[PDB]
Amino acid sequence: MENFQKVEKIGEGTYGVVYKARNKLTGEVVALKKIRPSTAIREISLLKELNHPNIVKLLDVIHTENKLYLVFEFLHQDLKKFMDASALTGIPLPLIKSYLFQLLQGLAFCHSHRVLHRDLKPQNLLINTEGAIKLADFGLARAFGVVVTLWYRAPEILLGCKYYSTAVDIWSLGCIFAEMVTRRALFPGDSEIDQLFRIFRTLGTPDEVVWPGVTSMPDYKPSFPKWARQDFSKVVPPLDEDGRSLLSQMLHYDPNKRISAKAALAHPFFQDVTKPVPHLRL
Ligand SMILES: Nc1nc(Nc2ccc(S(N)(=O)=O)cc2)sc1C(=O)Nc1cc(F)cc(F)c1
């Protein structure tokens with residue numbers, strides 16, 4: 001805009017590009033998101049009053065020249081970049097644990113306020129020098145709809161469910177947790193069906209036993225290949241059993257059986273959680 005000095009383009013978005021900018025008056029540095037209904041307008045208002053240490057703060061909302069700008073507090077780096085930077089050595093387990101614990105707190109907060117993220121991915125998880133990690137880009141969907149990454153998409157979404165629950169965010173976080181641990185995306189599909197089948201090849205093709213109602217889903221086909229489930233010990237090898245048991249609950253096929261963020265925070269895996277400081281290269 002005119003009140004902001006676009007410093008640099010710090011990425012993209014499913015609705016617009018995000019820039020690093022300085023408030024030419026208050027000297028503050030922010031992340032400015034330029035968006036290309038009304039329920040969306042009011043829904044954005046809900047987000048503005050959604051304040052939590054693990055949620056990127058939405059500072060200002062500017063609707064002018066029939067265009068929409070969102071001003072967010074600026075964070076130092078995203079998790080995708082950090083994971084890449086940590087690929088040779090891996091992110092230390094205590095930090096992986098700290099990040100997961102914090103994201104679950106953020107999700108528990110959002111979910112308790114009936115807010116769904118819907119598109120969690122490393123690129124929209126932001127970190128700072130003090131060890132915090134925060135949820136950014138709440139998809140702003142449900143009030144916004146109709147290359148895109150499908151790697152973290154929950155199976156019920158892939159199978160055509162139109163009304164998904166808070167459980168889809170737990171699935172995405174589970175995929176991210178695995179990736180931090182193995183330094184490899186868990187389900188790197190390149191199409192909706194490839195995404196779906198990679199999930200099936202690893203967790204087994206779901207059936208009515210493990211997922212009641214699955215065969216009645218919009219996009220379910222009796223013709224899907226029937227793959228046997230693999231052992232978690234081979235899925236995320238370096239992870240101890242507490243970690244694997246938590247991951248398994250975050251990746252249950254049935255949205256109803258999938259662990260809630262609140263219940264996840266009480267899992268034994270977090271008994272020894274701490275808040276280490278990451279080594280960030282900015
Ligand atoms: N507040 C904020 N700070 C950011 N910082 C930042 C991100 C990546 C790097 S990197 N690539 O590691 O150098 C550095 C700094 S992105 C961002 C945001 O809200 N982003 C944002 C907001 C939306 F509304 C939708 C969306 F997809 C993203």
Side-chain angles (χ1 to χ4, degrees), residues 1 4-23 26-37 40-64 67-87 91 95 99 102-103 106-107 109-110 115-145 147-153 168-169 172-173 176 179-180 183 277-282:
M1 294 180 80
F4 295 112
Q5 304 176 177
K6 290 187 178 180
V7 174
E8 311 181 312
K9 177 189 301 178
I10 61 178
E12 307 299 302
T14 57
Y15 294 91
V17 174
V18 60
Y19 292 123
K20 173 175 191 178
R22 184 175 301 83
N23 184 300
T26 72
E28 64 187 297
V29 167
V30 303
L32 180 62
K33 219 274 187 168
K34 178 188 176 180
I35 308 293
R36 176 276 180 178
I41 300 297
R42 218 165 176 177
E43 176 167 287
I44 298 303
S45 293
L46 307 187
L47 283 169
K48 203 172 183 302
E49 279 71 84
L50 196 65
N51 304 298
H52 183 282
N54 298 118
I55 296 181
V56 175
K57 188 194 182 176
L58 172 57
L59 307 173
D60 301 296
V61 182
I62 294 74
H63 184 192
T64 60
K67 294 292 187 171
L68 191 61
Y69 293 103
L70 295 180
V71 184
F72 294 98
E73 58 167 314
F74 177 83
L75 267 93
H76 317 176
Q77 185 160 287
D78 64 50
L79 185 64
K80 177 170 167 54
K81 174 160 192 174
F82 186 59
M83 300 175 84
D84 291 337
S86 306
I91 298 177
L95 181 55
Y99 282 171
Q102 295 179 62
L103 293 171
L107 284 189
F109 183 80
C110 288
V115 172
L116 276 62
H117 183 106
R118 308 188 176 75
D119 194 35
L120 286 179
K121 54 193 175 191
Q123 297 154 187
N124 64 37
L125 297 184
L126 310 176
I127 62 181
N128 64 22
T129 53
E130 287 178 295
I133 183 162
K134 310 190 189 197
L135 301 157
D137 180 36
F138 280 70
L140 303 78
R142 177 269 188 175
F144 267 120
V147 311
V148 54
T149 303
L150 307 165
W151 298 3
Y152 312 97
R153 197 78 83 233
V168 305
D169 294 334
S172 299
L173 185 54
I176 295 174
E179 190 174 337
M180 287 195 278
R183 293 125 78 175
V277 158
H279 196 306
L280 259 44
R281 282 184 163 178
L282 308 173

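One-based numbering, in listed order, for ligands and for the atoms of each. Nothing fancy with the numbering, it's 1 onward along the sequence.
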Could you tell me the residue and atom name of the protein heavy atom closest to [atom], and the distance to it rounded to 0.1 Å?
atom                    : answer
atom 20 (N) of ligand 1 : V18 CG2, 4.0 Å
atom 15 (C) of ligand 1 : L75 O, 3.1 Å
atom 23 (C) of ligand 1 : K33 CG, 3.5 Å
atom 16 (S) of ligand 1 : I10 CD1, 3.5 Å
atom 14 (C) of ligand 1 : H76 O, 3.3 Å
atom 28 (C) of ligand 1 : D137 CB, 3.9 Å
atom 17 (C) of ligand 1 : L126 CD1, 3.4 Å

Please say whether more than 12 non-hydrogen atoms of neighbouring residues, nucleotides or ligands are located less than 6.0 Å from [atom1] in [X].
X    : atom1 : value
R183 : CZ    : yes
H63  : NE2   : yes
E49  : CD    : yes

For [X] and ligand 1, does the shortest N/O to N/O distance drop below 3.5 Å?
X   : result
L70 : no
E73 : yes
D78 : yes

Which of the ligand 1 atoms, numbered from 1, are nearer than 4.0 Å to a heavy atom of [X]:
X   : answer
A31 : 1 (N), 2 (C), 3 (N), 17 (C)
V56 : 1 (N)
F72 : 1 (N), 19 (O), 22 (C), 24 (F)
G13 : 27 (F)

Exam field: side chain [X] to backbone [Y], donor-acceptor pair closer than 3.5 Å:
X    : Y    : result
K34  : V18  : no
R22  : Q5   : no
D169 : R118 : yes
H117 : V168 : no
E28  : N23  : no
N54  : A132 : no
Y15  : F144 : yes

With heavy atoms only and a cut-off of under 4.0 Å, state how [X] meets ligand 1: side chain, backbone, both or neither.
X   : result
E12 : backbone
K20 : neither
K81 : side chain

Note, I176 side chain near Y99 side chain (heavy atom, < 4.5 Å)
no

